[PDB]
Every structure is written in structure tokens, then in C-alpha cells.
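> Need coordinates for the below:
(one chain, ligands or ions: 2)
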Amino acid sequence: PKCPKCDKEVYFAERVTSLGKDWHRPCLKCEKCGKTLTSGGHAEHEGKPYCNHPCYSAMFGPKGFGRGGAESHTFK
Ligand SMILES: [Zn+2]
Ligand SMILES: [Zn+2]
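Residues are numbered from 1 along each chain as shown. Ligands and ions are numbered 1, 2, ... in the order given. Below you will find the coordinate block:
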């Protein structure tokens, strides 16, 4: 029972489960959009949970040519 997110240990009633290891209830949050995540609607990058989409699919997932934004990001 140890948090992949923050690197603490995870007290029981403060827990959430994903990738067969636990987390902190607050922690499990998008590091893209900053939405607190739900019972199996997230997904994990290496020491950072996220949206299942788009945020996961966008930042950690194969993409097209190379038309990334200039300075302010968008639907890339
Ligand atoms: Zn945590
Ligand atoms: Zn998100």
C-alpha cells in the first residue's frame, strides 16, 4: 500500500487502487487538465496518473506528422 504518485504510504480509507498498487484519494489526478480522477476512468504514466482520454492518448501515445503548437498548446 504505497503511492506511485507522491511516494508516501497509503492509509486504508485514504486509498484507491490502480495497476494493482494503491494510491491516495486526492492524488489520483490528471497532470494535464487537473481533474480529480474516478473509479476506472484514469490511466497511469510513469509516476503520474491522468485521464484515460484524451490526455493519456494525447501526451503518451503515438501521433501524426509533427504539427505541435507554437507556444500555447492545443488539440495536437
Ligand atoms: Zn499520494
Ligand atoms: Zn485530463
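> Would you mind measuring from residue 25 to ligand 1?
9 Å (Cβ to the ion, to the nearest Å). The way it works is simple: take the backbone N, C-alpha and C, and place the C-beta from them, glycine included.
> ugh, typo on my part, it should be residue 4
The gap separating residue 4 from ligand 1 is 8 Å, by Cβ to the ion.
> can you tell me which helix or strand that residue belongs to?
Element membership for residue 4, per DSSP states H and E: none, as it lies in no helix or strand.
> correct me, but it touches residue 28?
No: taking contacts as Cβ atoms under 8 Å, residue 4 lies outside contact range of residue 28: 9.5 Å.
> shared neighbours, the two?
In the contact map built from Cβ atoms under 8 Å, 6 or more residues apart in numbering, the residues linked to both residue 4 and residue 28 are residue 49.
> Looking at those two, which one has more neighbours?
In this comparison of residue 4 against residue 28, neighbours counted by other Cβ atoms under 10 Å, the higher total goes to residue 28 at 23 against 19.
> Now that one. Nearest residue, chain neighbours left out?
residue 37 (4.6 Å; Cβ to Cβ, 6 or more residues apart in numbering).
> thinking the one you found is in contact with residue 29, fair?
Yes: using Cβ under 8 Å, residue 37 makes contact with residue 29 at a distance of 5.7 Å.
> Please list the residues of this structure that sit near ligand 1.
Remark: the part of the chain in contact with ligand 1 comprises 3, 5, 6, 24, 27, using Cβ under 5 Å from the ion.
> Looking at these, spot the one nearest residue 46.
The closest of those to residue 46 turns out to be residue 5 (Cβ to Cβ; 11.2 Å).
> so who does that closest one touch?
Residues near residue 5 by Cβ under 8 Å, 6+ apart: 23, 24, 27, 28, 47, 48, 49.
> Buried subset of those as a ChimeraX selection?
Command for ChimeraX that selects the buried part of those, burial taken from 16 or more other Cβ atoms under 10 Å:
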select :23,24,27,28,49
